[PDB]
Amino acid sequence: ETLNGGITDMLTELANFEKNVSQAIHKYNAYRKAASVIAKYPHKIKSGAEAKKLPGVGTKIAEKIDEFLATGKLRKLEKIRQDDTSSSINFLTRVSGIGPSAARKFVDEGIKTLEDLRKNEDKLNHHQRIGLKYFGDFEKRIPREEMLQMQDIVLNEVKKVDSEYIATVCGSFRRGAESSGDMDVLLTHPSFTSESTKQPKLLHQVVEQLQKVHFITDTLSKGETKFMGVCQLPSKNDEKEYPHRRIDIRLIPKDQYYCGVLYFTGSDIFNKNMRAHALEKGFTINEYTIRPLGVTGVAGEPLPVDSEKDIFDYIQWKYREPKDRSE
DNA sequence: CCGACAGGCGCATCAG
DNA sequence: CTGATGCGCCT
DNA sequence: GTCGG
Ligand SMILES: [Cl-]
Ligand SMILES: [Mg+2]
Ligand SMILES: [Mg+2]
Ligand SMILES: [Mg+2]
Ligand SMILES: [Mg+2]
Ligand SMILES: [Mg+2]
Ligand SMILES: [Mg+2]
């Protein structure tokens, strides 16, 4: 299916173990870094020493790669796969709203199956309850055809609330992916800038309208600038319903759109790589601004930005189109 | 050898 | 009630 | 787990 798929699968599985079971986030990310650089490597890897030349692959992963190439498996992962506790904790984290901490606690309390979760909903917070309700649906991917229908609904309903809003579908969709895990919507309005909020309830307005027309069905979390919830396309007579889908909406100051869209377009690993490179170059990037770093570590004042490319220029990177920011 | 590893929103919890 | 903390999440 | 001072 992919060039070094066995190796990248192995490393991703180790990343998940370190995140979900070990609760070691830097090992998680180190494994993800290695998987990422390897996935982009345009040769079929013949040895661990060859892999070790790539940035992010060290002695330990090279050693694992040699085992995998020689035997087709990793004894370390075979052990983890048979460990009941590890498997159960891993499984529970697949429910949206259950992370490593909550999964371990549930598993300690004897709760380790979908059945167990369902007969213990009173032990779940709101988010987790909705994640359980739509467990199967949330692991389905969204065909780009459906993303396009969803975009049409969101853009048209936003326009009905106020023609001044601009809604931009970001994430994997903006990177040209033929399928997406969920929908990410960046929202701006003239009355919300970094200098003032001249109208309240800007995000609420939009969420309310999408609820009215039955597009948004559930709310996981909702503040002044970020909505996390569930939506569903309308189905026609006699047709099975579409799966429920995860949707995220982020209201960003209009004058900080470019940092906002850079953030929201990702990928996640791309953002981590780009932000880490910015730090190396003496800058810090968030979804709002790019700022210089002084000697002390105090971030300076936001630099002027009027394109995505400007952010790349500051850190001396050649521009990468959204399509080339994917894993 | 070892300090740093991206950055931040919303929620739930804790001390006072 | 604040204010601080950490979880789980987003890209 | 990795790597640049
Ligand atoms: Cl606001
Ligand atoms: Mg989860
Ligand atoms: Mg994602
Ligand atoms: Mg997405
Ligand atoms: Mg999302
Ligand atoms: Mg229905
Ligand atoms: Mg964090």
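Reminder, nothing fancy here: chain letters follow the sequence lines and each chain counts from 1. Computed from heavy atoms alone, side chains included, the values below leave out hydrogens, waters and symmetry copies.
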Please collect all ring pair (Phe, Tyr, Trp, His ring centres under 6.0 Å) contacts where either partner lies in [range], sequence neighbours excluded, each pair once.
{"range": "residues 241-267 of chain A", "answer": "A/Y134-A/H244"}
{"range": "residues 194-234 of chain A", "answer": "none"}
{"range": "residues 92-114 of chain A", "answer": "none"}

If you restrict it to nitrogen or oxygen atoms, what contacts under 3.5 Å exist between nucleotides 8-11 of chain C and the protein, and what is each distance?
unit_1, atom_1, unit_2, atom_2, d
C/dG8, OP1, A/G99, N, 3.3
C/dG8, OP1, A/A102, N, 2.9
C/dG8, OP2, A/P100, N, 3.3
C/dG8, OP2, A/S101, N, 2.9
C/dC9, OP1, A/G97, N, 2.8
C/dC10, OP1, A/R246, NH2, 2.9
C/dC10, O3', A/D184, OD1, 3.3
C/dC10, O3', A/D248, OD2, 3.1
C/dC10, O2, A/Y263, OH, 2.7
C/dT11, OP1, A/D182, OD1, 2.8
C/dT11, OP1, A/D184, OD1, 2.5
C/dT11, OP1, A/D184, OD2, 2.9
C/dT11, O3', A/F264, O, 3.0
C/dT11, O3', A/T265, O, 3.2
C/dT11, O3', A/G266, N, 3.4
C/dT11, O2, A/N271, ND2, 3.1

| A/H43-A/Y41 aromatic ring centre distance below 6.0 Å |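 Yes, the ring centres sit under 6.0 Å apart.
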| message | Let's see if you get this right: which residues in residues 24-31 of chain A place a heavy atom under 4.0 Å from DNA chain D? | response |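 Residues of residues 24-31 of chain A under 4.0 Å from DNA chain D: A/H26, A/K27, A/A30, A/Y31.
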| query | Hey, can you pull the residues of residues 55-71 of chain A with a non-hydrogen atom under 4.0 angstrom from DNA chain D? | reply |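 Contacting residues: A/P55, A/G56, A/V57, A/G58, A/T59, A/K60, A/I61.
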| message | Please give me every residue in residues 131-157 of chain A whose heavy atoms get under 4.0 Å of an atom in DNA chain C, ordered by residue number. | response |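 Nucleic-acid contacts, sorted: none.
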| query | In residues 185-206 of chain A, which residues come under 4.0 Å of DNA chain C by heavy atom? | reply |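 Heavy-atom cutoff 4.0 Å gives no residues at all.
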Below 3.5 Å, can you tabulate the donor-acceptor pairs from side chains in residues 92-99 of chain A to any protein atom, sequence neighbours excluded?
unit_1, atom_1, unit_2, atom_2, d
A/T93, OG1, A/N20, ND2, 3.3
A/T93, OG1, A/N90, O, 2.7
A/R94, NE, A/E139, OE2, 2.7
A/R94, NH2, A/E139, OE1, 2.7
A/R94, NH2, A/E139, OE2, 3.2

| Positional range of nucleotides in DNA chain D within the contact set of chain A, heavy-atom, under 4.0 Å |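 Contact boundaries, 5' end first: D/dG1 to D/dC3.
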| request: Indicate yes or no: does A/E287 engage A/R250 in a salt bridge with an N to O separation below 4.0 Å. | output: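 The answer is yes: the pair qualifies as a salt bridge.
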| query | Are A/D84 and A/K112 within salt-bridge range, i.e. N to O under 4.0 Å? | reply |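 No.
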| said: Is it the case that atom NZ in A/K222 sees more than 12 heavy atoms from other parts of the structure closer than 6.0 Å? | reply: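 Counting other residues, nucleotides and ligands, NZ of A/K222 exceeds 12 neighbours.
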Polar atom pairs (N or O), protein with nucleotides 3-6 of chain C, under 3.5 Å:
none

Cut-off 3.5 Å, no hydrogens considered: what does the side-chain donor-acceptor table look like for residues 318-327 of chain A, sequence neighbours left out?
unit_1, atom_1, unit_2, atom_2, d
A/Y319, OH, A/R325, NH2, 3.0
A/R320, NE, A/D324, O, 2.8
A/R320, NH2, A/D324, O, 3.0
A/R325, NE, A/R320, O, 2.8
A/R325, NH1, A/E308, OE1, 2.9
A/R325, NH2, A/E308, OE1, 3.0
A/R325, NH2, A/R320, O, 2.9
A/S326, OG, A/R175, NE, 2.7
A/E327, OE1, A/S36, OG, 2.3
A/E327, OE2, A/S36, OG, 3.2
A/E327, OE2, A/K40, NZ, 3.1

| request: Do me a favour and sort the pucker of C/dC1 into north or south by its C1'-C2'-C3'-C4' torsion. | output: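 Pucker flag: north.
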| field | Nucleotide B/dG8, atom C1' - distance to CG of A/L251 in whole Å | value |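 That distance rounds to 15 Å.
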